[PDB]
Structure formats: C-alpha cells, structure tokens
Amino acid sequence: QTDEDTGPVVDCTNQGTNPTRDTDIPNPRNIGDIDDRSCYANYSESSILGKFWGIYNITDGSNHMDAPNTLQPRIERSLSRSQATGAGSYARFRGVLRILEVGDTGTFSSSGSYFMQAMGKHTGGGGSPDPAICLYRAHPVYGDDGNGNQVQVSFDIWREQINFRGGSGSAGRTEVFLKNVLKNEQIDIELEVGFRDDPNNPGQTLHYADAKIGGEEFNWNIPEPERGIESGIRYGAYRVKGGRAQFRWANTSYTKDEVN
C-alpha cells in the first residue's frame, strides 16, 4: 500500500488551494493547529502500514498565503508554546515519521526540507519577530530505481541551528549532520525543547532542544539560555526550494509544562 504523490511537480492544484491558513479536515488525527501555506495540497490522511498518517506535501513556489517572494511554502501544525523559563519547563512532541521526498536544488545550502522545528522568542531584539531556534532538515540521497533512473532513496537529516539568538544566514546558523534514514522507513521521533538546571553552573539555566530520531539521541543546548522566554515546536513540512517534499506523520502527541 502507498500514499506517495508521483505525478508532475506543479505549484498549485484545485484540491490544495485553501482559502485560509486554518483550513483543516474534521477530526484530524494529528495534534496541533493547522497552518496551511501551500496551494499544492491540503492536509489529508491515509490508512496504510497499519496506521493513520497525516499527509504533508508541498512544492516549490506553492506559497499562496505569505506575501510573494518572502517565506517558503509550508503545511505545519503549531503546538501551544511553553511560556516559562524555569527549570522543568518544556515542550515535548512525539510521533512517527515517514519521509518520501524532499526538496533539492543541486546545492546543499538551498536543498532539503524541514519536517519539524524548535522556535521561541527572546529578549533583546535580534532576528525576526518570530525567530527560529533550530530546524530539522532532510536532504536527498539518490540511487537507482531498478530501471536505470536516479531517485531519492534515503535522507540525511541535519540540524540547522542558531549560532546566536535570531541568527540567520551563513553567519547566523550552523548545519550539523545527525543521521540517515531510508525512504518510507517508519521513524520514531521525539523533540523536547525546554529549560533545565545547569550542572556546570549554580542557579543558572540551560535552554535545550533534544531530539530522538529512530532511537538515537541528538541533544543540543541553545545559545544564551538567559535571553529566551519560551519553548515551541512546529511540525509537518516547510521549505522546498526546488521540486517537492512529502512527509507523513502518525501517532502524534504533545505535552508541555510551564514552571517558573
């Protein structure tokens, strides 16, 4: 059984030209509020591999909601942010991911697509008014299909992370490789963003974004814990500067705790 889009890559389709960002189906199984900024597809679900999957498909140039030539297309769900900075504060997302395709431009720095991200505002200015903290970006790995064609067969997952609050661009962010996953392989995902007691320090605090991907932990401390005011997560599909991205999410859960 299959839920993969295989037709030509186009910018918009009727079935995906939603009138508002909050266009959703009745009773979605994925948790969180829909934020649909792509006219290629809408959120929908499929029943396969013994699970119910939310379907996040976006294509290059399909953002009919943001002002043109600004932000990339996306279909995401946003989760209530943890608006506290005490140790023990966290946002915790869990789910099962399938990757079927990501964007590709032929150059690493503009290739790949995000399936989740950690974000949170900070004091003191710097960057955009709703700044990213780090995003989890999947890049294509090609191989043969069995008939002499190069196609996406696996995906290198990298973390695009801030060097400093609100950082963007070559100077503002660094890319860290995490691990490879196979096309259509079911991957357990956990992402927890939060504040904890700093051991190397007293009564100071660390702001972290710790992921578990297919059983392996990738932990990371956010720069300048003291400037951050909240922890937030979004997931789905975001960024496709060439071609198409297709993410599948099953059994999503979200918890948070706010501790001062």
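Throughout, we count residues from 1 along the sequence that is shown.
- When the mean C-alpha temperature factors of 81-89 and 143-151 are read from the deposited coordinates, 143-151 comes out higher.
- Across the two stretches, 197-205 and 219-227, the PDB entry reports the greater mean Cα temperature factor for 197-205.
- The PDB entry assigns the greatest CA B-factor among 95, 120, 106, 73 to 106.
- For the set 189, 138, 171, 100, the maximum C-alpha B-factor listed in the entry falls on 171.
- When the modelled residues of the chain are ordered by their C-alpha B factor, residue 162 lands in the highest third.
- When all modelled residues of the chain are sorted by CA temperature factor, residue 211 is found within the middle third.
- Residue 111: CA B factor in the middle third of modelled residues in this chain (values from the PDB entry).
- Compared with the other modelled residues of the chain, the Cα B-factor recorded for residue 132 ranks in the highest third.
- Per the deposited record, the Cα B-factor of residue 38 falls in the lowest third when ranked against the other modelled residues of its chain.
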